[PDB]
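> sequence unknown, structure follows:
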Ligand SMILES: *[C@@H]1O[C@H](CO)[C@@H](O[C@@H]2O[C@H](CO)[C@@H](O[C@H]3O[C@H](CO)[C@@H](O)[C@H](O)[C@@H]3O)[C@H](O)[C@H]2NC(C)=O)[C@H](O)[C@H]1NC(C)=O
Ligand SMILES: *[C@@H]1O[C@H](CO)[C@@H](O[C@@H]2O[C@H](CO)[C@@H](O[C@H]3O[C@H](CO)[C@@H](O)[C@H](O)[C@@H]3O)[C@H](O)[C@H]2NC(C)=O)[C@H](O)[C@H]1NC(C)=O
Ligand SMILES: *[C@@H]1O[C@H](CO)[C@@H](O[C@@H]2O[C@H](CO)[C@@H](O)[C@H](O)[C@H]2NC(C)=O)[C@H](O)[C@H]1NC(C)=O
Ligand SMILES: O=C(O)[C@H]1CN(CCCP(=O)(O)O)CCN1
Ligand SMILES: O=C(O)[C@H]1CN(CCCP(=O)(O)O)CCN1
Ligand SMILES: *[C@@H]1O[C@H](CO)[C@@H](O)[C@H](O)[C@H]1NC(C)=O
């Protein structure tokens, strides 16, 4: 949940139109009073009516303007209903965070710029180790501390928190991901790959078959049998993703916006106390 | 929306449990107040604290019992939040009435018994007319007025609700409901139709082709290419799950329970006033 | 029939129940003709109504699973603690009026 | 780049680009070898960084359609109309409050 | 697509006829409460009733009888039936709202039915053209 | 399957430490308001602090100082925020707690993927077995 998510549901324009409407109704109330005790507390009464009628108020003023404060109560109740409805709608969010965009991420090339540092893994002594060693020696040296034993070992380490990201050959990675027992893991970029390569067929040196098999494979690509072949073979039913996750017990990190506002409010109270201390002679 | 939706978030369990707690906590509050007959107003106070501020009343007594009133209000706000949450979920749905279980529904036999009269028609001059005349004579007499000039005429009538239902060949209506715009038409029965027959291939009488044709058709049905051809050419279009259509303004026809509560309150208040005026000699 | 079990999914492999007989049986043509005539006149409708559509117990359009006892029963538990504060009443004096 | 146009659809017709050239000309094997070498040593990655991914700006966590001035703001105007009625009722008060 | 919550006015949860019905109901109920004080101040009771629906703390008029006591009981219950209905209706309408979504792929049947309301094309004589 | 909506207690929507932290913070701010005015009541401060968050009828006085008005209005804001958060979270969880799917059909993942925890079978030597 975004820490400030409670303020998105309303635009700032109406967020200040409500304040200016409070100002105009306070002006109406004080103009009603001018014909003759709540001048300093009228704004407080209106505010308490806006949020919750749980604060004692010196309300009886302007029996003709009590219709006005009833209209204000109408605005307040419809506003509270609207705010609760909007706050609900913002909290059926589909789960999505994404921690990696690609191997060229700042997180990869700068693994130690985080606390805890961003940990990724690969199987040592593989061709991917050769590639990373020849292409990027620094992050490979950083990997030297995060060696991996096996594919299932990497799976268990990722599940048990011993690892955060894995580096390995793409096709087997996708096959394993689509056939996880709960599909609790994900791939990257839907196929935005580093050091892209393909799986193909091996032919004798410059045989006459090469052309025919090339055209045959291109034909089967054009006809469209392949897409359903990997749909039936190396994909899964639940391969795509899961649905929205329930909002757990609200974390202080999700609700820290109101804590920050409380700190700002107490600071403002302190500075107003100081101002009164400088302006208590009148 | 269910007319009894407001009583849905009240099982018998929560109703009796909450009311018996109301009575027992009223008793405990009044016997605590006896230290520090106002006992008849404590129930007013507690029902208000369940609901909201009702009217200026004598709550502050027994400063330690204010903690009990506070925890009671804590339970009250929990209860109001739960009521809001449970009512919110119970009016979000799309409901398919299941208006008909088949042409043998008792609604068909007595069209006039429902207001407005049940207006369903069929295309005349066809085999359906002969079948309905030979099977359901009075039904045919009542159909004599509901004939439709063409298939598209009745389709348009159903689109704008001129007719309540349409009677015709099963497969063609399935096909029309398939490619119909917006999926406003529904075919019913899952095969439960009167004179359930099938389309087929005709042959010259006693031709040697019967055995081969039948064996090929059964082989095609068994292995599953038959329904693949079906989906290729038949009504795969639409086939969507009607999850939720926008819950319109909750009308009096839907929330008449509140007016029924109002009438019950009127009658009960009049009865109680009569009983009170009866007891005027003391 | 019982309302403890439910069908699910969408029907597949549409076939037809049929009376099978030995290939050389001379009754085939008339059996088929009579079965079609029974389909046409509505006798099959009567037999279906009298032996298929009992529907003596029906359930459909599942409800959104309203609240129950246990899902907030523990809430009630907390108010019990309030009663404990009540038996503190006398010590309130010892707590406050003496101090 | 633009961030107001969004791509969609799963990758169908999974294929690859390629520099096409006449059958009889001899660079083909050397061209393919050089392309594979560039793929291996990350030169193609440098090209992708230089000309493909440089600004990102990818829309994420689609907004749930917040409320803005449009539906409620005019409501203020509507209730503002009610204020006009109040301006009558205070003057009517002058007719009523005097006696 | 720009996310925005389309909405006409606060009338959306309930038809204006129902608003008129409840507006007359509150006043007729208040009149009934005032008139039952025969064998027990119209302005006090009427303002009290019309503010109870509106949750406003203003209003000191209060019933003194038990019949009007139960009437106020059920009136507060009623008023919060309205407010709960309002919040539920608005929450449901907002949750279902903006349900439009981009095309998930060519397999979407929307592509299979051509229309002026649903047009899609490409570059002529391209690879996808012969495809 | 008999449907049932899970809810452990009143503690299901909120983290356990939330109530303790808000209860200590409200006491701290009440003490802050109480102490710093004399150099130029606690029971009333306590009643405001508890009841205003709990939306109770308790509390009949008014705070003596001037910035106490600002503190009270921001505290009412906090109260409306927290109550709205609880209501919205409870509604969202009570909507999104429906039981798992009831087998889509032949294409159901629990059917397409055999699992020892979900065992299904039919009658031996029947037409379905041949199919
Ligand atoms: C199938 O049902 C048919 C119903 O019409 C039936 O047709 C008629 O059947 C009767 C007797 O079954 C025949 O009557 C014949 O019976 C004597 C037997 O001694 C014959 O010698 C006579 O020729 C006499 O006609 C009808 O002739 C016959 N009608 C026709 C048009 O064939 C079939 O016989 C039934 N077939 C089976 C295999 O059940
Ligand atoms: C494709 O790349 C090949 C790189 O291996 C290249 O083969 C190399 O070609 C050079 C010159 O064509 C040969 O070098 C020769 O240079 C002088 C004069 O040409 C000779 O006297 C030397 O003895 C020496 O052989 C390389 O030997 C030769 N290497 C191999 C492994 O074949 C091809 O020419 C390139 N072809 C195209 C079409 O680009
Ligand atoms: C259906 O067939 C009947 C014949 O049984 C047609 O009946 C005619 O109906 C028109 C009225 O539109 C009369 O003017 C004729 O006198 C009728 N003729 C006969 C011989 O009955 C009817 O037109 C046909 N309708 C359709 C839609 O095919
Ligand atoms: O063509 C091949 O030989 C295989 C090789 N496989 C390598 C597996 C990764 P590593 O070697 O452990 O780093 C990937 C699929 N293709
Ligand atoms: O085999 C045929 O002849 C056609 C007949 N069609 C008749 C449709 C009903 P009606 O007779 O037109 O009212 C249905 C499809 N098959
Ligand atoms: C390769 O890694 C394995 C552990 O997975 C290790 O036992 C082996 O000695 C290593 N060999 C080399 C050359 O690194």
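Looks like it arrived, so ask away. Numbers count the residues shown, from 1 in each chain, chains lettered A, B, ... in the order given. Ligands and ions are numbered 1, 2, ... in the order given.
> Nearest residue to the residue of chain C at minimum distance from chain B in space, ignoring adjacent ones along the chain?
Among the residues of chain C, residue C:42 lies closest to chain B, at 4.3 Å counting by CB to the nearest CB. No exception for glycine: its C-beta is placed from N, CA and C like everyone else's. Using CB to CB, 6 or more residues apart in numbering or on different chains and skipping the chain neighbours, the partner closest in space to residue C:42 is residue B:135 (4.3 Å).
> residues touching that neighbour, list them.
By CB atoms under 8 Å, 6 or more residues apart in numbering or on different chains, the contact list for residue B:135 reads B:194, C:41-42, C:45.
> related to what we said a few turns ago, could you double-check that the residue of chain C closest to chain B lies in contact with residue B:139?
No: if you go by CB atoms under 8 Å, residue C:42 and residue B:139 don't touch, sitting 11.5 Å apart.
> Can you find the residue of chain B that comes nearest to ligand 2?
Nearest residue of chain B to ligand 2 (CB to the nearest ligand atom) works out as residue B:232 at 50.4 Å.
> and chain C, which of its residues are near chain B?
Contact residues, chain C versus chain B (CB under 8 Å from any CB of the partner chain): C:11-16, C:36, C:39-42, C:44-45, C:48-49, C:53, C:55, C:60-61, C:63-64, C:66-69, C:72, C:75-76, C:78-79, C:81-83, C:85-86, C:88-89, C:92.
> Near the residue of chain B closest to ligand 2, how many other residues are there?
9 (other CB atoms under 10 Å in any protein chain shown).
> now that we're looking at it, how far away is chain E from it?
Distance of residue B:232 to chain E, given as CB to the nearest CB, to the nearest Å: 11 Å.
> What distance do you get for that residue to chain F?
Residue B:232 is 17 Å from chain F, by CB to the nearest CB.
> Let me see the backbone angles for that residue.
In terms of degrees, to the nearest 10, the main-chain angles of residue B:232 are phi -60, psi -40.
> quick one on the thing from earlier: could I have the buried ones of the contacts of residue B:135 as PyMOL selection syntax?
Provided next is the PyMOL selection string for whichever of the contacts of residue B:135 are buried by 16 or more other CB atoms under 10 Å in any protein chain shown:
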select buried, (chain B and resi 194) or (chain C and resi 42+45)
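> how about the helices in the chain?
The chain I'm using is chain A. Ranges of helices in chain A, per DSSP state H, are A:12-33, A:42-51, A:66-89, A:106-109, A:127-135, A:137-143, A:151-159, A:170-178, A:209-223, A:225-233, A:256-278.
> The chain in question should be chain E.
Using DSSP H, helices in chain E cover E:16-35, E:42-52, E:66-96, E:109-112, E:127-130.
> For those, give me CSV that also has mean neighbour count and distance to chain B.
As requested, those are exported to CSV (neighbours: other CB atoms under 10 Å in any protein chain shown; distance: least, CB to the nearest CB, whole Å):
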stretch, mean neighbour count, distance to chain B
helix E:16-35, 15, 6
helix E:42-52, 20, 7
helix E:66-96, 21, 4
helix E:109-112, 13, 5
helix E:127-130, 9, 23
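> To residue D:99, which of those helices lies closest?
Closest approach to residue D:99 among the helices of chain E (CB to CB): helix E:42-52, 16.1 Å.
> And the closest one, what does it pack against?
helix A:66-89, helix E:16-35, helix E:66-96 (3 or more CB pairs under 8 Å, 6 or more residues apart in numbering or on different chains; DSSP states H and E).
> Identify whichever of these lies nearest to chain F.
Nearest of the helices and strands packed on helix E:42-52 to chain F, taken as CB to the nearest CB: helix A:66-89 at 4.1 Å.
> ok, back up a step: quick check: which of the helices and strands packed on helix E:42-52 is nearest to residue B:92?
So among the helices and strands packed on helix E:42-52, helix E:66-96 is nearest, using CB to CB, at 4.5 Å.
> Show me what the closest one is packed up against.
Here helix E:66-96 touches helix A:66-89, helix B:39-51, helix B:65-90, helix B:256-278, helix E:16-35, helix E:42-52, going by 3+ CB pairs under 8 Å, 6+ apart.
> The third one near chain C at all?
What it means is helix B:65-90. Yes: residues of helix B:65-90 contacting chain C under CB under 8 Å from any CB: B:67-68, B:71-72, B:75, B:78, B:82, B:86, B:89-90.
> ok, and does that helix reach over to chain F?
Yes: using CB under 8 Å from any CB, we find that helix B:65-90 touches chain F at B:66, B:69-70, B:73-74, B:77-78, B:81-82, B:84-86, B:88-89.
> Report the inter-axis angle for that helix versus helix F:42-54.
Angle, helix B:65-90 to helix F:42-54, by axes from the mean of the first three to the mean of the last three CA atoms, to 10 degrees: 10 degrees.
> show me the contacts for the nearest residue to residue E:53 once chain neighbours are set aside.
Once flanking residues are discounted, residue E:53 sits nearest to residue E:79: 4.4 Å by CB to CB, 6+ apart. By CB under 8 Å, 6+ apart, the contact list for residue E:79 reads E:52-53, E:55.
> Just give me the closest of those residues to ligand 2.
residue E:55 (86.4 Å).
> any idea how far that closest one is from ligand 5?
63 Å (CB to the nearest ligand atom, to the nearest Å).
> Next, the distance between the ends of stretch A:203-212.
12 Å (CA to CA, to the nearest Å).
> hmm, I was thinking of stretch A:86-101
31 Å.
> Count residues in the vicinity of residue B:83, would you?
20.
> returning to what we had before: ok, which of the helices of chain E comes nearest residue A:150?
So among the helices of chain E, helix E:127-130 is nearest, using CB to CB, at 41.7 Å.
> For the stretch 51-200 of chain A, give the residue positioned nearest to chain B.
Closest point on the stretch 51-200 of chain A to chain B, by CB to the nearest CB, is residue A:53, at 5.3 Å.
> so who does that residue touch?
Applying CB under 8 Å, 6+ apart to residue A:53 gives the contacts B:52-53, E:55-57.
> Against residue E:118, how distant is the residue of chain B closest to ligand 2?
Note on residue B:232: its distance to residue E:118, by CB to CB, to the nearest Å, is 21 Å.
> Also residue B:92?
29 Å.
> neighbour-wise, which of those two wins?
Taking neighbours as other CB under 10 Å, residue B:92 and residue E:118 compare with residue B:92 leading, 20 against 11.
> Settle this for me: that one is touching residue E:90, isn't it.
No: between residue B:92 and residue E:90 there is no contact under CB under 8 Å: 11.8 Å.
> so what's residue B:265 closest to, chain neighbours aside?
Residue B:265 sits nearest to residue E:74 (CB to CB, 6+ apart), 4.3 Å away.
> all helices for chain B, in order.
Ranges of helices within chain B are B:12-35, B:39-51, B:65-90, B:106-109, B:127-135, B:137-143, B:151-159, B:170-179, B:210-223, B:225-233, B:256-278, based on DSSP H.
> now, of those, which is deepest in the fold?
helix B:65-90 (a mean of 22; mean count of other CB atoms under 10 Å in any protein chain shown).
> near chain D at all, it?
No: using CB under 8 Å from any CB, we find that helix B:65-90 stays clear of chain D, coming within 16.0 Å at best.
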